[PDB]
Amino acid sequence: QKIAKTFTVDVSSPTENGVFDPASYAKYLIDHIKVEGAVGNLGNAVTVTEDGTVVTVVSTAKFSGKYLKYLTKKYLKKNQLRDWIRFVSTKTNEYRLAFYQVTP
Amino acid sequence: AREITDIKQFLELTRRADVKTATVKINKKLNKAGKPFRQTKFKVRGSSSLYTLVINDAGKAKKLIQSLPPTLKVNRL
Amino acid sequence: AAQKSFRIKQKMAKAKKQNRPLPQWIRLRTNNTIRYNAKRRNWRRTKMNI
Amino acid sequence: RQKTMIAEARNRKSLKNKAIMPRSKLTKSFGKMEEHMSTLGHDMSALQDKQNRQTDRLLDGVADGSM
Amino acid sequence: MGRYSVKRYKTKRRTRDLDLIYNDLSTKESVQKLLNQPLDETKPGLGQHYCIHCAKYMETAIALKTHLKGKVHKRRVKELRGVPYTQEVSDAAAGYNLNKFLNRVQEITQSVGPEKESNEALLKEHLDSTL
Amino acid sequence: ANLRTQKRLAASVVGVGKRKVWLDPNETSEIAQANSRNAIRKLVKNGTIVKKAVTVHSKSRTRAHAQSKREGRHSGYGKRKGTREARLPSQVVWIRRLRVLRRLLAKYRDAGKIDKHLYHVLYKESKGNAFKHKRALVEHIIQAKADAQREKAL
RNA sequence: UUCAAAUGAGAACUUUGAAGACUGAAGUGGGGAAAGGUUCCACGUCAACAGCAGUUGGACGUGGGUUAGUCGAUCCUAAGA
RNA sequence: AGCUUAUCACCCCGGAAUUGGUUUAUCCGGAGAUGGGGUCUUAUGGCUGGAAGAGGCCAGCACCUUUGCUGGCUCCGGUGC
RNA sequence: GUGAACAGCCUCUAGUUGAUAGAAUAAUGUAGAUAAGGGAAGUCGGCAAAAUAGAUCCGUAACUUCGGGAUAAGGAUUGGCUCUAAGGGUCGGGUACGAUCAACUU
């Protein structure tokens, strides 16, 4: 009925460059994801677990890929990584991070 | 464009001595929930109109593709 | 008028081929009194009246 | 700093007239961005490694240029 | 100076003011004087149908029912609640005549206040019966 | 140089008006060599001419204004500037009112709640007034079928 | 209307970018009928014209460009010739 | 291009006052109402063919370069003086 | 979008930024305004300008060819924010309601 979807984010490409850290990212999701209004209202409806390169979100509740894109642009603006790091969909419900065209 | 249901009717049209080129097109569609499955269409070019033949089964396609006349030029995709 | 008759069109073609300055080598002939194309036309200045 | 970044953002945008240019279609100069990341505090040793018959009717009559 | 303030607030076109209207409700005589005025030809309602709070004559008795049910007249009721701002409020702010001012606030809280609040409570009962 | 051509010409290729296309000032020699549409497709996709996507025209205030209109705000006599017939014509009210009283009586007659003799009186009495709305008519049927029953008892 | 850059012997006026505004779907937008006849586009280029200016133009010089069994005419008749 | 789809109109059985059907607008009925069962015009709509291979939105490689190639998705609804 | 509205005002797609310019702010002008107390004393003459105006409710004269006169005159009111009431469909009843669903009007 409430059939869950697996949402995967690759953060390996900014991890090796050192401007990004994945551990503080995965903490930032688990409190700010809003289930029916208030933050923290989830009772095991989502899980946020990380590889170190792969962040995985499994949600039984109402949760969509554009909204998952919405939270990561919140996080890169706090860390001032916007103008430099974008959030792309490579395949469906599978996402990764990239730099821009830095070339002189 | 005409749609042809009968498999027998379509086999005569390749033998009509008016058709020079044909083409096969492979499509991937869905039944209600079901599974992803391939779908084939056989198109033969008469002088007047374009005859087509919709085969939803994957198995009957492999039977019918060999049954084409050999001088009849066949296009793939 | 972009729906023109042929008789109207044929007089445009003659006016088009007369829309030219005088050739440079006619300056060089003997006893040339001819200087400039004194029948020169322009669409802005003078209407050619069909 | 919060008043400066708001004051910095006023001259940048001007959203009501035209647009903000897309960051994806534009490209960076290496330039300022290593200066910006130095202010955040990330080291730049690793990212430096990736950087390292016309027929003119006037003049078809006379051929020589002196005439 | 502007256009609109000169239209309504000239000296020619001035209403009574918020001081004298409070004194009219202060006693039972002037309540019954103003309600039961003799008919006069110059006045708009021919000297009848007069609201005490908003010093304004109404034409018809139907023009009181629509007037008492409105945000204009509910405004003037809320305006006349407290101490009516005489000159003595202005001078007491400077540090001048406190005990003249303190006796007036003492009397209006004790004596004149609930007597005025009784007189308004009988107007709402009187205008209910005639209308 | 003069670049009114390629400004116009890239507008035809991308399919957007001339106010949108962007030609960078650093490549002023590379763009001026292009004098054909075929070069412009190459000059667009390697990132010299881009699109400049649409100027925003948000509708957030419009939805938040209209949301209070659902709850019944901004509807006093101060906001109105047209008559009732301009706002909601009395024919449009009557047509909504009088088709309800036709198809209510249509579905009682087929279901057997009412016979055809009492149908034809409530039909023409609904063509005039005395049935203001849907609840007021069903109350009348209860009274009329009671008056039919009380006469049937006697 | 404003600022830099390129072009140029030269720039309030040309080109690009960044700004600021306006026409606001009975428009300063997208096509057409009469009417005009190459003004349409490119290359070169400024003595004259564009009531200021000019590197630019509806200017000047040289060239390029309108494809129909189905869209029109052609056929029919109206008031009438 | 194929199959199907409609107010009006029409036929058959049936015989109606205790008048009935019916539109926003009061007209129809023994010259046969209501009802029950049918026929037709295809304005128009639905699906399939045309036809996804096209178009559109993105992502990824190529690269002085003729400039392409490879991938994904292109779905399902709702309302009206 | 506001509104009775293709009104007026602002915006999106599209297009234009062309109409000689620079510096100062004298008189008199052309265009547009405000003014203490009095209110037509001005003047051929209330010329011009000011005033009234949209909307709901109350109310309307002489006269009249009975249709009009009529928006006659005249009088109350209008914002905001939280509310309540009334006005509908589509389904389920042996041949009273319950469910669900969606509108802006007062």
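In what follows, the structure referred to is the one given above.
Q: Let's hear about the overall build of chain F: which residues, and what values?
A: Helices and strands together make up the secondary structure of chain F, namely 8 helices and 2 strands. Ordered by position from the N terminus, the helices and strands of chain F form the series α-β-α-α-β-α-α-α-α-α. The C-alpha atoms of chain F give 35 Å as radius of gyration, which overshoots the globular expectation for 154 residues (15 Å, by more than 25%). Along the three orthogonal principal directions, the C-alpha set of chain F runs to about 110 × 40 × 20 Å. When burial is assessed residue by residue, chain F has 18% of its 154 residues classed as buried. Across chain F, every contact between residues at least 6 apart in sequence was considered, and the portion connecting residues at least 24 apart equals 61%. When the accessible surface of chain F is summed, it comes to about 12600 Å², and 50% of that surface belongs to carbon and sulfur atoms. Separation of charge centres in chain F, based on 40 positive and 11 negative side chains, amounts to 9 Å.

Q: I'd like to hear about the environment of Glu36 of chain A, residue by residue, with values.
A: As for its placement among the helices and strands, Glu36 of chain A is situated in the loop between helix 2 (22-32) and strand 2 (46-50). When the C-alpha atoms of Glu36 of chain A and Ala61 of chain A are compared, they prove to be 9.1 Å apart, with 25 residues separating the residues in sequence.

Q: Tell me about the protein's contact with RNA strand G, and name the residues and values.
A: Around RNA strand G, a shell composed of 34 residues is seen, among which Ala1, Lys16, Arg41 and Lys47 of chain C together with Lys16 of chain D lie nearest. Take the atoms of RNA strand G that sit within 4 Å of the protein: sugar and phosphate atoms are 82% of them. Secondary structure elements with two or more residues in the surface near RNA strand G: helix 1 (6-17) of chain C together with helix 1 (4-14) and strand 1 (22-23) of chain F. The element best represented in the surface near RNA strand G is helix 1 of chain F, accounting for 4 residues. Classifying every residue of the surface near RNA strand G gives 13 nonpolar, 7 polar and 14 charged.

Q: Outline the protein's contact with RNA strand H, supporting the account with residue identities and numerical values.
A: Around RNA strand H, the structure places 31 residues, and the nearest of them are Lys25, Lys41 and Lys43 of chain B together with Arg102 and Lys124 of chain F. Of what RNA strand H places within 4 Å of the protein, 63% of the atoms are sugar or phosphate. At 2.7 Å from a phosphate oxygen of RNA strand H is found a side-chain nitrogen or oxygen belonging to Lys25 of chain B. Separating a phosphate oxygen of RNA strand H from a side-chain N or O atom of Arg99 of chain F is a distance of 3.2 Å. Listed by contribution, the elements that provide at least two residues to the surface near RNA strand H are strand 4 (85-91) of chain A, strand 1 (2-4), strand 2 (21-30) and strand 3 (36-45) of chain B together with helix 3 (37-45), helix 6 (90-111) and helix 7 (116-127) of chain F. Considering every element that reaches the surface near RNA strand H, the biggest residue donor is helix 6 of chain F, with 9 residues. Considered class by class, the residues forming the surface near RNA strand H number 9 nonpolar, 5 polar and 17 charged.

Q: Now, about helix 1 of chain F: what can you tell me, with residues and values included?
A: Residues and elements named next belong to chain F. Within helix 1, burial applies to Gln6, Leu9, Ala10 and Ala11. Looking at the buried side of helix 1, the elements it contacts are strand 1, helix 2 (28-33), helix 3 and strand 2 (49-50). One or two residues past the end of helix 1 sits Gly15, with phi positive at roughly 95°.

Q: Got a sec to walk through the interface of chain D and chain A? Specific residues and values, please.
A: Across the boundary between the two partners, chain D contributes 14 residues, which contact 16 residues of chain A. Buried surface at the junction of chain D and chain A, summed over both partners, amounts to about 1600 Å²; 60% is from carbon and sulfur atoms. Broken down residue by residue, the surface that chain D buries against chain A is led by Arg23, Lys28 and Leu47 of chain D, which jointly contribute 35%. Summed over the shared surface of chain D and chain A, the number is 1 salt bridge. For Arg23 of chain D, the salt bridge is made with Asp83 of chain A, and the minimal N-O distance between the two is 3.0 Å. For the pair chain D and chain A, the interface holds 6 residue pairs in polar contact. For the side of chain D that touches chain A, the elements supplying multiple residues, two or more each, are helix 2 (30-40) and helix 3 (45-51) of chain D. Top element by residues in the side of chain D that touches chain A is helix 2 of chain D. It accounts for 5 residues. For the side of chain D that touches chain A, a count of residues per class yields 6 nonpolar, 6 polar and 2 charged.

Q: An account of a nonpolar patch on the surface is requested, with residue identities and associated values reported.
A: On the surface, a nonpolar cluster with roughly 340 Å² of combined accessible area is contributed by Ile8, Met12, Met48 and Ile50 of chain C. Its location among the elements puts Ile50 of chain C in the segment after helix 1.

Q: Now, about the arrangement of the chains: what can you tell me, with residues and values included?
A: Across the 3 pairs of chains in contact, the largest number of contacts is found between chains A and D. Note that chain B does not reach chain D: the shortest distance linking a C-alpha of one to a C-alpha of the other is 33 Å.

Q: Could you give an account of the interface of chain D and chain C, with specific residues and numbers?
A: Across the boundary between the two partners, chain D contributes 6 residues, which contact 6 residues of chain C. Around 530 Å² of area is buried between chain D and chain C when both sides are counted, 71% of it from carbon and sulfur atoms. Looking only at chain D, the three residues that lose the most surface to chain C are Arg57, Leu58 and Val62 of chain D, adding up to 74% of its buried area. For the pair chain D and chain C, the number of links is 0 salt bridges. The interface formed by chain D and chain C includes 0 residue pairs in polar contact. Residue composition of the side of chain D that touches chain C, grouped by class: 4 nonpolar, 1 polar and 1 charged.

Q: Got a sec to walk through the pattern of salt bridges? Specific residues and values, please.
A: This model, assessed by the stated rule, comprises 10 salt bridges over all chains. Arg16 of chain E is the partner of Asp24 of chain E in a salt bridge, and the nearest nitrogen-oxygen pair spans 2.6 Å. Of the charged contacts in the structure, one is a salt bridge between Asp110 of chain F and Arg109 of chain F, with a shortest N-O distance of 3.5 Å.

Calculation rules
Residues numbered from 1 in each chain as written, not as in the entry; some residues may be left out. Chains lettered and ligands numbered in written order. Part of a larger assembly, values for the part shown. Heavy atoms only, no water. Residues with missing side-chain atoms left out of burial classes, pairs and counts. Helix = DSSP H or I, 4+ residues; strand = E, 2+ residues; numbered from the N terminus. Rg over C-alpha atoms; globule rule 2.2 N^0.38 Å. Buried < 20%, exposed > 50% of the residue type's maximum accessible area, 1.4 Å probe, protein only. Contact = heavy atoms within 4.5 Å. Areas by Shrake-Rupley, 256 points an atom, 1.4 Å probe, with all protein chains shown as cover. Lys, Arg positive; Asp, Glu negative; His and termini not counted. Charge placed at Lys NZ, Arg CZ, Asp CG, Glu CD. Near = heavy atom within 4 Å. Nonpolar A, V, L, I, M, F, W, Y, C, P; charged D, E, K, R; others polar. Polar contact = N/O pair within 3.5 Å; in protein donor to acceptor, adjacent residues only side chain to side chain. Buried area = accessible area lost by both parts, 1.4 Å probe. Salt bridge = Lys/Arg side-chain N within 4 Å of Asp/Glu carboxyl O. Patch = residues over 30% accessible without salt bridge, like charges linked within 9 Å, V, L, I, M, F, W, Y side chains within 5 Å.

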